[PDB]
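Participant: Below are the structure tokens for one structure; questions will follow.
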Amino acid sequence: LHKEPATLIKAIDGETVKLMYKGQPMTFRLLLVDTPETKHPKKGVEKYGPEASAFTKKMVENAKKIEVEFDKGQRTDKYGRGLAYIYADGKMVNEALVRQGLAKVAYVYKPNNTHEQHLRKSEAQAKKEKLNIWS
Ligand SMILES: Cc1cn([C@H]2C[C@H](OP(=O)(O)O)[C@@H](COP(=O)(O)O)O2)c(=O)[nH]c1=O
């Protein structure tokens, strides 16, 4: 896998960010993470939806360097969103959320699953500690 630089344009929610990637604004959906939603023509504002959005927003906004890391399968989903692992100053946003109990490991579509084991290890650790989603 290889990380490439990108520039923050705008944070959308817990699992979606808008980035400038190779001179193009794109919507990126965080691989292997499912956060409670703020906006969703599907049941509204789940508990933690707001906390999850806040966490991603602060993390990518206070970063001096943003990197996108594609997995080894398809890099876009059917809605044209890039599918990647995003790093804010060397730290993976996807893992940070799972570790804090603000997301659950979801949507595993092979072969876009390189870090699934690493994230599931983080999820168990957060459940163990009864954090947010798991409290
Ligand atoms: C994370 C991810 C989502 N998607 C699709 C699955 C869902 O499709 P449907 O909308 O057709 O059911 C949708 C969930 O996105 P969100 O969780 O952002 O709402 O995005 C992929 O196709 N591949 C992925 O890796």
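The chain as shown is numbered from 1 upward.
This deposition comes from X-ray crystallography, 2.0 Å.
For all residues, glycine too, the Cβ spot is worked out from N, Cα and C.
Swiss-Prot lists these features:
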{"type": "ACT_SITE", "residues": "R29", "note": "active site"}
{"type": "ACT_SITE", "residues": "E37", "note": "active site"}
{"type": "ACT_SITE", "residues": "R81", "note": "active site"}
{"type": "COMPBIAS", "residues": "115-131", "note": "compositional bias 'Basic and acidic residues'"}
Participant: List, in residue order, those active-site residues out of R29, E37, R81 with a Cβ under 6 Å from any atom belonging to ligand 1.
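Facilitator: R29, in sequence order.
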Participant: Rounded to an integer, what is the Cα-Cα distance in Å between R81 (active site) and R29 (active site)?
Facilitator: 6
Participant: What three-state secondary structure does DSSP assign to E37 (active site)?
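Facilitator: Reduced to three states, the DSSP call for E37 (active site) is coil.
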Participant: Sort out the sequence-distant neighbours of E37 (active site) for me: same chain, 6+ apart, CB within less than 8 Å of its CB, listed by position.
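Facilitator: Sequence-distant Cβ neighbours: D13, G14, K43, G44, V45, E46, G49.
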Participant: Below 8 Å Cβ to Cβ and six or more residues apart, same chain only. Which residues does that give for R29 (active site)?
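Facilitator: When sequence neighbours closer than 6 are ignored, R29 (active site) has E15, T16, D77, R81, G82, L83 within Cβ distance under 8 Å.
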Participant: Including all protein chains displayed, how many Cβ atoms other than that of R81 (active site) lie within 10 Å of its Cβ?
Facilitator: 17
Participant: By DSSP assignment, list the helix, strand and coil residue numbers for the compositional bias 'Basic and acidic residues' (115-131), in that order.
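Facilitator: Once the DSSP states are binned, the compositional bias 'Basic and acidic residues' (115-131) shows 13 helix, 0 strand, 4 coil.
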